[PDB]
Amino acid sequence: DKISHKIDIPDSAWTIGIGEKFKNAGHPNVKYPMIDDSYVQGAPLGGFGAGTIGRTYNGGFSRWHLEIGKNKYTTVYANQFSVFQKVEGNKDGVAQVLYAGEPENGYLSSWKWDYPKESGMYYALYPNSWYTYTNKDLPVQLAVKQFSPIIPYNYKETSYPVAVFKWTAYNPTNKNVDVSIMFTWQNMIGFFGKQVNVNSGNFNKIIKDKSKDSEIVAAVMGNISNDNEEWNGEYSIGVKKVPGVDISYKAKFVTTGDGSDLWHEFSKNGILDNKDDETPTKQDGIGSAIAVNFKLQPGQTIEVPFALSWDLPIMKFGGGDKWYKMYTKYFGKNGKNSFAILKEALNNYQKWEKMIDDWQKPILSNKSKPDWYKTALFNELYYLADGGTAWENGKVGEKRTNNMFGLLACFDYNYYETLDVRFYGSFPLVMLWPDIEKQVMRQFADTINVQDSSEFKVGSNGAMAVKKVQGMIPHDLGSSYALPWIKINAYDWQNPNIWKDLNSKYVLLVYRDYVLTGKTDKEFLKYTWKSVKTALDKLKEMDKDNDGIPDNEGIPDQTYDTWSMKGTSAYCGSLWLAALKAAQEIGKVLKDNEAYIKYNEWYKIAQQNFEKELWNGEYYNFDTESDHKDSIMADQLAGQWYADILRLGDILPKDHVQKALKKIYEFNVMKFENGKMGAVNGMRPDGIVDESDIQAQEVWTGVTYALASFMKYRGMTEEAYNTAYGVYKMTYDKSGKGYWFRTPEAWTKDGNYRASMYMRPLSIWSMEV
Ligand SMILES: OC[C@H]1O[C@H](F)[C@H](O)[C@@H](O)[C@@H]1O
Ligand SMILES: [Ca+2]
């Protein structure tokens, strides 16, 4: 490997061999079908709300999130980079597709597939990823850096449906070598959203943009229809000319054929026919190819940028609503703008690289932090793009001031902005994209007094319940299968209108968003204040026994939605205490004296009774009335965790908090698989995992990262990082279960999982507060 010295990969990048088989991989541990796309994954490309494309460590474009809210795992084999090399003096050169695999059927059989093992590496530190190619049959070594401009405090470039592929080629040998790099792409119009005639009318054109000291050559792959539908738009691939490279292209090759129309040209001398052809297709799939060719002398290095863009302006959800995607603000809505997007990337990628380096640098340069922690911190952010992210710029047919936003909990539980989960998972938004965060919270504020008296069947017990109760915060803002932002509470496994955590978590999120953006945004507190008061007042009515604390009802009436709580729970009780203290403080900021006094009174009574009911001398009991009420819960002091972040001080005695955290580390971490897999949710005081429910026997990745954050604030530094390390290890390490770029909600002691691609582990960013 002589190419790594010519590029700048951070030591904390996650790494794997191209074509590496992984032997330890986990699978779903549930009864019903659950997504398992395998361990062949990579860091995604594409902006927030743009739709994303997962290019895996084997080189294939395989995890398709272009249909917003859906996960489709299938390798589009025509989408590749390929290389040609010929040493001066030899009769023939060699050509190779840079993909460690081959097609299942006979399409593209002429191409040279099966990139060999032990001949290259993949690296990822989101939003960047890299491939190096160090192959004994390729004398010139190559590397690519690929990325999308995902940039904190930037709501523009961060939305773009674009990827840059910055190639570096170096000749370590003593002979001249002719080199070509080719990007191929299928015209994917009709890949989704078209019920019949899926290729019909697709056509490709070549754009040559020649301006002094600029040449870009690009293929635009679109459809003859000017219809404005979810399926219609354009894809573009292209390259910017640099000194010493020549550009060639082929506008149209057949993807549903043997591929020799293209490959016979590329494999001969690395130079394509430059054949334009705008003839639309009928049944056949078609694609385009953009190539560069250059000669590298001994010791010479050259850099060349390619790019990919996709202009699919309309997202459609299953309930029938069509919305424009955020990036349309910047490029237009007509779906004929893929070249403009591509051109912007090709002309500005160096600036974008520097902007990404500027934001990563504070963390990467901190030599007190171990590299594994940096690997997790950056790569967990993949989910902000890959979580079915929806970000609207108007309803089709509709002009408002704000752009509504939603992140899925996951794809198996297809619910936007699940608030009980976002309590953990929204840290990167408040810390890095706070205008999005506040918009999402205003969305929730607006739902507080919505009433929908129509009834739904509760999944857990078959009983009927009201969809949405006035003054109760919703579980979610809908489903991609129905009507995001419009029809809330798509979730039906339990009735969220009786949950005891949602209203408190809402208030805690509001105050968090004020505190972590500098305690300056009084207008945000003013906007949300009525909803905060309503939320707490409604929750107070669920106190059955007049101890000043809402009573859990012997059912799963909170985020642990199969784990029953009864009476006063440590979890919901501590959240309530903290929410009361937050509301007191907002009351002071907004000069609402009567609110301050009321929530102060409620807080004092609740705090006294919480401590009396639950403090056992070593930790806080799980709750007051359940069968295993003395279980040690990993999340028992979630309210105190948030109180630390919100700078609300002690809600419980410092000494008791420290004892409880040490107990959790000693039991839930260290007695669960020797502390190498995170914190199990429930442990009995005899040191055996609590078996009352599956959720008690699970490690929750986002809960564990949050607990690590809590330990860190409380000065338990070793315990914090050891606790978090288990999650990193399981996710990323060779000794783990292969969950990179699909971190699940949960695993059991065998390492098998529930709900890959989950929002909650974004909570790792609470470790950076
Ligand atoms: O894993 C538990 C988790 O499962 C689903 F995502 C639910 O919608 C969430 O409310 C719940 O917290
Ligand atoms: Ca009570």
Side-chain angles (χ1 to χ4, degrees), residues 24 26-30 376 420-421 424 556 558-565 569-572 574 616 618-623 626-638 641 659-712 716 718-731 733 735-737 739 743-756 758 760-761 763-764 766-767:
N24 205 15
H27 305 290
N29 61 17
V30 301
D420 52 297
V421 179
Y424 302 89
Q558 37 59 48
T559 203
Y560 299 88
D561 70 344
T562 58
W563 199 12
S564 291
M565 294 178 187
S569 64
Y571 187 66
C572 300
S574 71
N616 67 36
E618 289 176 8
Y619 58 99
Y620 291 88
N621 281 338
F622 175 84
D623 66 16
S626 298
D627 287 20
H628 293 158
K629 65 179 187 283
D630 64 347
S631 286
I632 306 157
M633 198 209 187
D635 224 356
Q636 63 186 256
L637 289 182
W641 168 52
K659 280 169 177 154
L661 285 174
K662 289 185 180 306
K663 190 75 175 185
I664 294 158
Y665 183 73
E666 184 191 3
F667 277 68
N668 305 60
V669 178
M670 293 304 304
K671 296 181 190 295
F672 189 78
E673 302 297 305
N674 199 36
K676 307 297 192 165
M677 294 181 64
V680 74
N681 282 325
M683 198 165 271
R684 312 285 299 116
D686 69 6
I688 301 302
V689 170
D690 183 355
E691 293 164 325
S692 62
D693 185 67
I694 183 56
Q695 290 174 343
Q697 308 170 88
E698 287 179 330
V699 169
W700 283 16
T701 56
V703 175
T704 296
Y705 280 142
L707 176 67
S709 151
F710 190 16
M711 291 174 178
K712 182 180 153 177
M716 290 168 62
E718 173 163 16
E719 296 96 326
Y721 284 87
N722 284 7
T723 298
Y725 181 76
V727 185
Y728 160 84
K729 183 181 175 301
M730 287 288 295
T731 305
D733 191 69
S735 70
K737 298 301 284 182
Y739 299 147
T743 316
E745 165 87 291
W747 48 70
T748 42
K749 71 171 141 184
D750 64 359
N752 291 312
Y753 72 86
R754 183 167 64 79
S756 70
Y758 206 74
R760 216 183 303 261
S763 75
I764 190 168
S766 68
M767 297 185 68

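Residue numbers count from 1 along this sequence. Below, all heavy atoms of this structure are taken into account, side chains as well, without hydrogens, waters or symmetry copies.
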Pair up each side-chain donor or acceptor in residues 679-690 with any protein partner under 3.5 Å, not counting sequence neighbours, and list the distances.
residue, atom, partner, partner atom, Å
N681, ND2, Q695, O, 2.9
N681, ND2, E698, O, 3.2
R684, NH1, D630, OD1, 2.7
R684, NH1, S631, OG, 3.2
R684, NH2, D630, OD1, 3.3
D686, OD1, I688, N, 3.2
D690, OD1, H628, ND1, 3.1
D690, OD1, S692, N, 3.1
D690, OD1, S692, OG, 3.2
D690, OD2, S631, OG, 2.6

ask   = Donor-acceptor pair, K712 side chain versus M767 backbone, under 3.5 Å?
value = yes
request  = To the nearest 0.5 angstrom, please state how far the OH atom of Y728 sits from the OH atom of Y721.
outcome  = 14.5 Å
remark   = In short, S709 meets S766 closest at the heavy-atom pair CB-OG, 3.1 Å
task = Give the minimum heavy-atom separation between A660 and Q636, together with the two atoms involved.
result = CB-OE1, 3.5 Å
request  = Report yes if some heavy atom in the side chain of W641 is under 4.5 Å from a heavy atom in the side chain of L661; otherwise report no.
outcome  = no
key: Name of the residue among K662, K663, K659 meeting salt bridge (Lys or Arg N to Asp or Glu O under 4.0 Å) with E618   = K663
All ring pair (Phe, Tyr, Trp, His ring centres under 6.0 Å) counterparts of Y620, not counting sequence neighbours = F610, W615
inquiry  = Going by ring pair (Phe, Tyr, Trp, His ring centres under 6.0 Å), name the residues that satisfy it together with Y753, two or more places apart in sequence or in a different chain.
reply    = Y739
message = Once salt bridge (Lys or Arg N to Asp or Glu O under 4.0 Å) is applied, do any residues pair with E691, and if so which ones, sequence neighbours excluded?
response = none
ask   = Can you list every pair that meets side chain to side chain donor-acceptor pair (under 3.5 Å) and has a residue in residues 665-675, with sequence neighbours left out?
value = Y665-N722
ask   = What pairs with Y560 under ring pair (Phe, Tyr, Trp, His ring centres under 6.0 Å), at least two apart in sequence or on another chain?
value = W563, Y571, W700
request  = Spell out, as yes or no, whether a donor-acceptor pair under 3.5 Å connects the side chain of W747 to the backbone of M677.
outcome  = yes
query = Could you state the interatomic distance from OG (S756) to CD (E745), rounded to the nearest 0.5 Å?
reply = 11.5 Å
key: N24 (side chain) donor-acceptor with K737 (main chain) under 3.5 angstrom   = no
query = Roughly how far, to the nearest 0.5 Å, is the OG1 atom of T701 from the OH atom of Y758?
reply = 9.0 Å
ask   = What distance separates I664 CD1 from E719 CD, expressed to the nearest 0.5 Å?
value = 11.5 Å
task = Would you check if the side chain of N616 reaches a backbone N or O of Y619 as a donor-acceptor pair within less than 3.5 Å?
result = yes
query = Can you name the closest pair of heavy atoms from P556 and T562 and give their distance?
reply = CG-C, 3.5 Å
remark   = When every non-hydrogen atom of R754 is compared with those of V30, the smallest separation belongs to CD-CG1, 3.6 Å
query = Just wondering, do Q558 and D420 contact through their side chains at under 4.5 Å, heavy atoms?
reply = no
ask   = Does any non-hydrogen side-chain atom of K676 lie less than 4.5 Å from one of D733?
value = no
ask   = So, the side chain of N752 versus the backbone of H27: is there a donor-acceptor pair under 3.5 Å, distance only?
value = yes
query = Quick check: are there more than 12 heavy atoms from other residues, nucleotides or ligands sitting under 6.0 Å from NZ of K729?
reply = yes
request  = Would you name the heavy atoms of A708 and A724 that are closest together and state the gap between them?
outcome  = CB-CB, 3.8 Å
query = Taking the side chain as C-beta and beyond, is there a heavy-atom pair between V699 and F672 under 4.5 Å?
reply = yes
Any donor-acceptor N/O pair, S763 side chain to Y424 backbone, under 3.5 Å = no
